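A closer look at the structure
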Amino acid sequence: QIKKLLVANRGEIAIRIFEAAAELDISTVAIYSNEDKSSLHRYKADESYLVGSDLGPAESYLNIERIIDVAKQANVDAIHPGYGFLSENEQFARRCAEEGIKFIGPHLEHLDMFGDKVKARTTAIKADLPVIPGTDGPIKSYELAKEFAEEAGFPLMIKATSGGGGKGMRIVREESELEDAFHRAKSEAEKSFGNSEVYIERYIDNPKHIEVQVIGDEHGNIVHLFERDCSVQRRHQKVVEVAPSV
Amino acid sequence: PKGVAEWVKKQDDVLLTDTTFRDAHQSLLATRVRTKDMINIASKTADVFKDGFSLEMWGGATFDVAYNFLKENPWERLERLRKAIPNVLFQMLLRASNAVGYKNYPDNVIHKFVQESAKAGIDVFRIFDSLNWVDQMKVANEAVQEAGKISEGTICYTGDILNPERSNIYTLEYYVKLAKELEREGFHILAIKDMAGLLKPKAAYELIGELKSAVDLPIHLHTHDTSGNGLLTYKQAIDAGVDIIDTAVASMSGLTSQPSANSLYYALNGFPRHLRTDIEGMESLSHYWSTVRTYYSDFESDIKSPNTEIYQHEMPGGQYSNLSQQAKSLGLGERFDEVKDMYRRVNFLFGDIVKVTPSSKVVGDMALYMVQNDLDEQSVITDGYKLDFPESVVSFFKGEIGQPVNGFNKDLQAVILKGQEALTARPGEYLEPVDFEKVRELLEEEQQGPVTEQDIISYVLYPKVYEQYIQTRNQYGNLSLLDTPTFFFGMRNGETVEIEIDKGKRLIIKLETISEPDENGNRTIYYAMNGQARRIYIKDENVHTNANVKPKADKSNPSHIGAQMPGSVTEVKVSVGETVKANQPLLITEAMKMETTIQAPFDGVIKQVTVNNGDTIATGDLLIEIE
Amino acid sequence: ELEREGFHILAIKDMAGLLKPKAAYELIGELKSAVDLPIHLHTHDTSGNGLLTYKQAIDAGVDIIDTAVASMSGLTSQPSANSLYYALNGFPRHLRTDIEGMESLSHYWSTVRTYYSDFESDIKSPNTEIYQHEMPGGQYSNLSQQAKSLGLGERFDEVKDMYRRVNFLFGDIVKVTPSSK
Amino acid sequence: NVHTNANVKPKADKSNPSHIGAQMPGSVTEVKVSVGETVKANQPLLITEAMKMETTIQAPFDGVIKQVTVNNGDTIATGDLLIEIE
Ligand SMILES: Nc1ncnc2c1ncn2[C@@H]1O[C@H](COP(=O)(O)OP(=O)(O)OP(=O)(O)O)[C@@H](O)[C@H]1O
Ligand SMILES: O=CCCCC[C@@H]1SC[C@@H]2NC(=O)N[C@@H]21
Ligand SMILES: [Cl-]
Ligand SMILES: [Mn+2]
Ligand SMILES: [Mn+2]
């Protein structure tokens with residue numbers, strides 16, 4: 001029942017989706033912006049479409065309205081969001097169902113549930129999973145801050161209240177430089193993400209980052225496809241990954 | 001159809017038919033305007049002419065010129081424009097004898113044509129006989145009636161009703177007789193086709209006045225502005241009650257085109273009746289057409305002034321200068337006044353006939369012919385037995401364009417025909433019906449397979465041209481999607497062109513560089529075509545093949561003969577793939593006014609020859625290979 | 001006033017070709033009562049309605065009109081005398097002149113005009129936007145070289161619009177040389 | 001034979017009936033007659049090529065070719081004398 005597919009994305013992943021799509025005899029639609037005008041991925045689908053010349057630089061793979069209207073113009077059954085743009089965006093997927101188009105991903109409730117790093121942690125606690133201490137929720141002021149700081153432990157890390165890019169975090173080791181941390185990494189979590197809601201948890205020393213792959217269908221069956229070791233990081237940012245872990 | 005017409009009669013406003021997609025560029029730009037340029041403003045045009053009567057966007061020369069010169073399917077032009085402009089009537093001009101073609105046809109060709117043209121979008125057929133012969137107009141009319149569309153019954157205008165000394169025949173009473181008669185044939189609308197712009201302002205007023213009195217049908221006036229009096233004419237037509245007039249946008253108007261709709265708009269301020277259109281959007285339409293028109297500069301008409309000598313000689317449309325061009329080809333350029341005069345005289349020699357394609361070519365041909373052979377009205381008859389009249393005129397006197405209002409001079413006919421029988425009946429009645437099945441059979445065998453009805457009559461109508469359109473389509477695919485500048489010029493080094501195939505399907509093409517020609521006159525083009533490097537090979541036609549670059553002889557290879565010095569090929573002597581002995585002459589060069597005959601080292605089969613007579617050569621150039 | 005000043009002839013000079021046919025009728029009509037001067041009328045066929053303006057003025061009793069020979073007529077020139085001669089057939093008043101001689105002159109000027117092709121304007125079409133902006137004879141195209149000659153020739157839309165506005169800004173003036181400069 | 005199309009034809013006398021001049025620029029494809037041959041009105045004299053279009057130049061009347069100005073593949077401007085006939 002999927003006949004047209006649009007990818008709300010660029011580059012390798014876009015192309016990758018286009019490959020699977022063709023392999024399933026599904027027609028493909030690409031979107032592109034002004035300077036992507038040369039990007040390979042745009043030439044590798046069956047139809048391609050400029051996404052608002054009105055739009056600007058990078059803020060144009062992000063324009064929900066202008067992109068759904070493009071989908072509507074080509075009768076698209078389904079949108080693949082790839083990763084890293086609207087892929088984690090609540091509303092985008094809502095406007096998709098609201099307009100007869102099948103968002104290619106989790107259920108609306110799921111994006112909301114993990115759409116935020118507190119909720120994620122709360123949802124986890126209820127699923128009865130081990131989790132990092134830290135705080136019951138977000139933290140404004142700095143009075144809020146010093147409290148938990150002189151209470152449990154001292155290696156601690158204040159961090160962004162969402163988003164999968166490790167740019168807005170910062171680690172507190174010792175008494176005082178706590179000052180900066182809160183702010184330095186509050187409104188540098190600003191420029192990175194939407195806002196700068198930030199909390200603090202334990203900072204676990206010398207950890208390995210292991211992630212598990214899951215897939216499920218629309219009929220209650222779910223498998224995992226094992227781990228990846230993503231511990232080789234520069235920022236808090238993945239540089240080399242291995243599957244499965246060693 | 002009946003109801004539309006009734007509707008028109010009610011309208012206080014003057015309605016208009018836009019001729020920009022057809023008549024305007026047929027007159028001004030040799031009918032060269034491409035689908036591409038029409039399509040791009042179709043959505044604007046739909047808005048502008050929302051209350052227009054119709055758009056004339058088909059017929060006349062467009063069928064044959066689209067398929068032939070522009071290499072594009074006139075059927076696509078109609079179907080695309082039809083989808084884009086779903087709200088105004090589409091009108092075409094249909095000559096009664098042969099619809100849109102170049103010949104005579106059995107009646108089933110007329111029927112099949114109108115049948116398919118109705119189907120694909122055409123709502124109004126302006127039917128006209130080139131001799132105002134009603135009888136020839138009955139086949140087309142029926143076909144339009146059975147198709148459910150609107151049949152527009154046309155009278156062509158000649159002479160001058162203001163002037164009783166002009167004709168005893170082309171009178172107010174003739175035109176009234178013809179209109180009343182067209183009405184009984186049950187046409188929905190009376191059209192007056194003033195193909196030569198002969199309808200002087202008062203004439204129009206008197207003429208439309210009478211017809212409105214005479215017939216209950218709505219009247220559609222069509223004129224060209226070639227005397228410079230077009231707007232005046234329409235103005236008077238309007239005081240007399242005319243229902244519809246044919247106009248063009250300012251920038252595609254004037255001279256031998258339709259009168260300007262933008263002008264007509266303002267000309268009428270302060271008068272009883274009002275043109276029904278958006279000027280705001282016609283100024284806009286005008287600007288677009290003004291720029292696009294520049295794409296077509298190579299086909300601009302010669303004409304640049306009003307010409308009132310029209311009222312003596314009556315050469316319709318462009319003819320008063322094609323014929324001048326034509327007269328120059330025969331040494332008569334200094335004597336064009338004598339041709340303009342012979343044009344008129346030949347008209348009376350022929351009974352005084354209506355002159356449009358194809359009758360006007362007849363009269364033109366005779367005139368050229370008579371001045372060329374120092375001939376007059378008497379000697380044409382006296383020496384006629386030993387004269388070779390133009391094929392067009394023998395065709396005319398044979399009955400093959402139809403019956404002229406006044407009949408044939410029996411003696412003149414005798415002399416032109418030299419025995420040959422004339423038709424006693426309209427030409428189409430003589431012809432066997434076309435077996436359309438046999439035609440499908442053939443086209444499907446020639447092509448892929450799947451062939452349509454539009455393929456079928458297109459072929460019947462235009463066998464050669466159709467065939468050729470098809471070879472072109474096989475070679476280059478759909479030319480009609482190129483933008484006009486690219487279509488006419490190609491691309492310059494460094495350009496990126498953006499061809500639209502379909503909603504979200506384009507080709508981005510960049511031309512990078514072109515190589516010098518290889519030994520065969522082939523240049524290598526380097527493109528990029530969306531995202532990928534691409535190389536194409538094209539044959540150059542030099543003017544002089546001294547430009548061509550020859551590969552270098554492999555020196556450590558006994559098969560390659562090299563150029564031992566500069567010079568010229570004075571004579572090629574052996575050809576590719578051919579036997580020669582040791583010490584055979586196979587190429588004579590010239591060094592510095594010195595012969596030397598490059599000869600074969602061993603017994604050989606000549607593998608290659610990279611040279612023609614009078615090619616440049618430089619030291620170390622591969623001239624020949626031998627096995 | 002001009003009659004009072006002792007001018008022998010009253011001329012209406014329509015430099016921008018803005019005298020619409022009906023206007024021409026009513027303006028020459030009234031003037032013919034108002035004063036005893038004969039009326040000499042001058043127009044430019046830039047809108048494409050010059051002949052019509054002439055015919056209406058003639059109905060209204062105009063005395064003299066400025067015309068040009070066919071091949072040197074039309075668009076921003078005067079209307080064609082050759083055209084008017086016939087245009088008037090059947091109407092009350094006839095143009096006093098020799099068509100046959102005029103056809104002859106047209107032909108002469110036709111070839112001669114060829115010597116001057118480096119000098120023709122781009123103007124090749126009537127233009128009825130003159131009624132919004134009011135630029136007299138030349139200007140419209142002149143004032144286009146100049147606007148590209150300073151990199152504004154991509155929004156001559158706005159120049160045209162500013163031209164009109166400047167006009168009212170200056171309290172709405174007559175526009176010929178040199179007021180149109 | 002260093003220039004071949006860089007010879008200069010004279011200009012046809014426009015007021016001489018026996019002078020045939022070029023009507024536009026282009027190319028001689030094929031000379032079809034010699035100085036001396038007799039011809040009939042309308043005979044092929046010359047095939048030229050303009051911008052990828054072939055025009056055939058014809059005898060204006062019957063007569064005698066007196067000079068032929070061009071060779072296959074020469075180029076010509078409007079006004080160049082191509083042929084004299086009597
Ligand atoms: N509480 C913590 N203690 C120590 N290191 C941490 C902590 N939280 C995050 N990090 C570091 O940041 C990395 C990823 O941070 P986080 O889980 O917030 O991912 P993200 O920034 O949302 O993006 P992603 O997890 O997809 O890489 C971890 O691999 C780890 O190196
Ligand atoms: O001839 C050289 C270039 C090839 C151009 C072909 C185009 S296709 C449309 C037009 N009609 C023709 O027969 N040829 C040109
Ligand atoms: Cl009038
Ligand atoms: Mn016509
Ligand atoms: Mn003036």
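Residues numbered from 1 in each chain as written, not as in the entry; some residues may be left out. Chains lettered and ligands numbered in written order. Part of a larger assembly, values for the part shown. Heavy atoms only, no water.

Method of structure determination, per the deposited record: X-ray crystallography was used for this entry, reaching 2.80 Å resolution.

**Comments concerning the interface of chain A and chain B**
Convention followed: Contacts: residue pairs with any heavy atoms within 4.5 Å of one another. The buried area of a pairing is the accessible area, by a 1.4 Å probe, that goes missing from both parts when the two are put together, added over both. Basic side-chain nitrogens of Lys or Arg form a salt bridge, by our definition, when they fall within 4 Å of a carboxyl oxygen of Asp or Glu.
Counting from both sides, the interface comprises 7 residues of chain A and, opposite them, 8 residues of chain B. Summing both partners gives a buried area of about 580 Å² for chain A against chain B, and 55% of it is carried by carbon and sulfur. Seen at the junction of chain A and chain B, the total is 1 salt bridge. The closest approach of N and O atoms between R42(A) and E498(B), which form a salt bridge, is 3.9 Å.

**Some details on the sheet that holds strand β3 (residues 64–65) of chain C**
Residue and element names in this part refer to chain C. Defined as follows: Any two strands with at least two DSSP bridges between them are considered paired. For the purposes of this entry, the term helix denotes a DSSP run of H or I that reaches at least four residues, the term strand denotes a run of E that reaches at least two, and both are numbered from the N terminus. Axes, fitted as lines to C-alpha atoms, cover a helix only where it is in contact. Angles between the N-to-C directions of the axes lie from 0 to 180 degrees.
Taken in spatial order, the 3 strands line up as β1-β2-β3 in an open sheet, and their pairing is parallel. Bordering the open sheet on either side are β1 (10–13) and β3, each of which pairs with just one other strand. Pairing analysis gives 2 bridges linking strand β2 (residues 39–42) to β3, with the strands arranged parallel. Its bridge partner lying in β3, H40 is registered against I64. Contacting β1 and β2, helix α2 (residues 21–34) crosses the sheet at an angle of about 160° to β2.

**Observations concerning helix α5 (residues 62–70) of chain B**
Residues and elements named next belong to chain B. Heads up, the rule is: Only protein chains enter the area calculation, which uses a 1.4 Å probe; residues under 20% of their type maximum are buried, those over 50% are exposed, and those in between are partly exposed.
Those residues of α5 that fall on the buried side of the exposure criterion are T62, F63, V65, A66, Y67 and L70. Looking at the buried side of α5, the elements it contacts are β2 (54–59), α6 (74–84), α7 (107–120), α22 (453–461), α23 (463–476) and α24 (484–489). Just downstream of α5 lies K71, where phi reads positive at about 65°.

**Points about unusual backbone geometry**
Each neighbour pair has its own omega, and for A243(A) with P244(A) the value is -10°, a cis peptide bond. Note that the residue after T357(B), namely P358(B), is joined by a cis bond; omega there is -5°. Relative to the helices and strands, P358(B) is located in the loop between α16 (336–349) and α17 (359–372). With a phi close to 40°, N75(A) is a non-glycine residue in the positive phi region. Accessibility expressed as a relative area gives 59% for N75(A), which makes it exposed.

**A closer look at the site of ligand 1**
Residue and element names in this part refer to chain A. So the rule is basically this: If even one non-hydrogen atom of a residue comes within 4 Å of a molecule or strand, that residue is called near it. For the purposes of these results, a polar contact is taken to be a pair of N or O atoms within 3.5 Å, where, inside protein, one atom must be able to donate a hydrogen and its partner to accept one; residues adjacent in sequence count only when each atom of the pair is a side-chain atom. In this description, accessible areas are obtained by the Shrake-Rupley approach with a 1.4 Å probe, and a residue is regarded as covered only by the protein chains that are shown. Following the grouping adopted for this structure description, the nonpolar residues are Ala, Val, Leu, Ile, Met, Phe, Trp, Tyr, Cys and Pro, the charged ones are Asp, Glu, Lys and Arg, and the polar ones are all others, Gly among them.
Close to ligand 1 lie 16 residues, the nearest being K117, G163, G164, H209 and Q233. In this structure, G164 approaches ligand 1 through a main-chain N or O atom, which is 2.7 Å from an oxygen atom. The protein chains hide 79% of the 610 Å² of surface that ligand 1 would expose on its own. Listing elements by their share of the shell around ligand 1, those giving two or more residues are β6 (156–160) and β8 (198–202). Along the lines of polarity and charge, the residues of the shell around ligand 1 split into 4 nonpolar, 7 polar and 5 charged.

**So, the packing of aromatic side chains**
The geometry of an aromatic ring pair is captured by the separation of the ring centres together with the interplanar angle, meaning the angle of the planes. Residue and element names in this part refer to chain B. Applicable threshold: Classification of ring pairs rests on two measures: the distance between centres of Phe, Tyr or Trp rings, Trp counted by its six-membered ring, which must be within 6.5 Å, and the angle between planes, read as stacked under 30 degrees, edge-to-face over 60 and tilted in between.
One pass over the full model with this rule turns up 34 aromatic pairs over all chains. An angle of 40° between the planes, with centres 5.4 Å apart, marks the rings of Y102 and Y462 as tilted. A residue pair is termed long-range when its members are at least 10 positions apart, and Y102 in the loop between β3 (89–95) and α7 and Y462 in the loop between α22 and α23 qualify at 360 residues. The partly exposed category is assigned to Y102, whose relative accessible area is 49%. Exposure remark for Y462: the relative accessible area of 8% places this residue in the buried category. Note on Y170 and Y174: the rings are 5.2 Å apart at their centroids and 80° apart in plane angle, and the pair reads as edge-to-face. Judged by relative accessible area, which is 15%, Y174 ranks as buried. Through a chain of ring-to-ring contacts, the aromatic side chains of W58, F63, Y67, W75, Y102, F113, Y459, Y462, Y466 and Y469 assemble into a single cluster.

**Examining the site of ligand 2**
Taken together, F69(B), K71(B), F487(B) and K52(D) are the residues near ligand 2. Of the chains in the model, those with residues near ligand 2 are chains B and D. The contact in question runs from a nitrogen atom of ligand 2 to an N or O atom on the backbone of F69(B), over 3.2 Å. Within the side chain of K52(D), one N or O atom sits 2.3 Å away from an oxygen atom of ligand 2. Out of a free accessible area of 390 Å², ligand 2 has 48% covered by protein chains. Of the residues in the shell around ligand 2, the class split is 2 nonpolar, no polar and 2 charged.

**Describing the domain arrangement of chain B**
Many authors give the size of an interface as the accessible area that is lost as the parts come together. Where we set the bar: Boundaries between domains were set according to an automatic or database domain assignment.
You can read the domains of chain B as domain 1 (1–299), domain 2 (300–424), domain 3 (425–478) and domain 4 (479–627). One C-alpha centre belongs to domain 2 of chain B, the other to domain 3 of chain B, and the line joining them spans 33 Å.

**Some remarks on the packing of helix α10 (residues 201–214) of chain B against helix α11 (residues 230–239) of chain B**
Residues and elements named next belong to chain B. To keep things clear, this is the line we draw: Roughly parallel refers to an angle under 35 degrees, roughly antiparallel to one over 145, roughly perpendicular to one between 65 and 115, and oblique to any angle outside these ranges. Put simply, a crossing is left-handed when the front helix is turned counterclockwise from the back one by less than a right angle, and right-handed when it is turned clockwise.
In the contact formed by α10 and α11, the axes pass within 8 Å of each other and the chain directions differ by 25°. On the basis of their axis angle, the class for α10 and α11 is roughly parallel. Our pair here, α10 against α11, has a crossing hand that is right-handed. Along its contact with α10, which presents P201, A204, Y205 and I208, the element α11 presents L232, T233, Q236, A237 and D239. Looking at the contact of α10 with α11, its residues break down into 6 nonpolar, 2 polar and 1 charged.

**Re the packing of α22(B) against α23(B)**
All names here are of chain B. Their axes nearest at 5 Å, the elements α22 and α23 cross at an angle of 130°. When the interaxial angle is binned, α22 and α23 end up oblique. Taking contact as the criterion, the partners of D455, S458, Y459, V460 and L461 in α22 are, on α23, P463, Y466 and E467. Its residues assigned to classes, the contact of α22 with α23 comprises 5 nonpolar, 1 polar and 2 charged.

**What to know about the side chain of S260(B)**
Here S260(B) lies in the loop between β8 (244–247) and α12 (261–267). Among the residues examined, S260(B) registers a relative accessible area of 3% and is labelled buried. Among the polar contacts listed, one links the side chain of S260(B) to the backbone nitrogen of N262(B), at a separation of 3.4 Å. Among the polar contacts listed, one links the side chain of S260(B) to the backbone nitrogen of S263(B), at a separation of 3.0 Å. Among residues more than four places away in sequence, those in contact with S260(B) are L231(B), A248(B), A250(B), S253(B) and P126(C).

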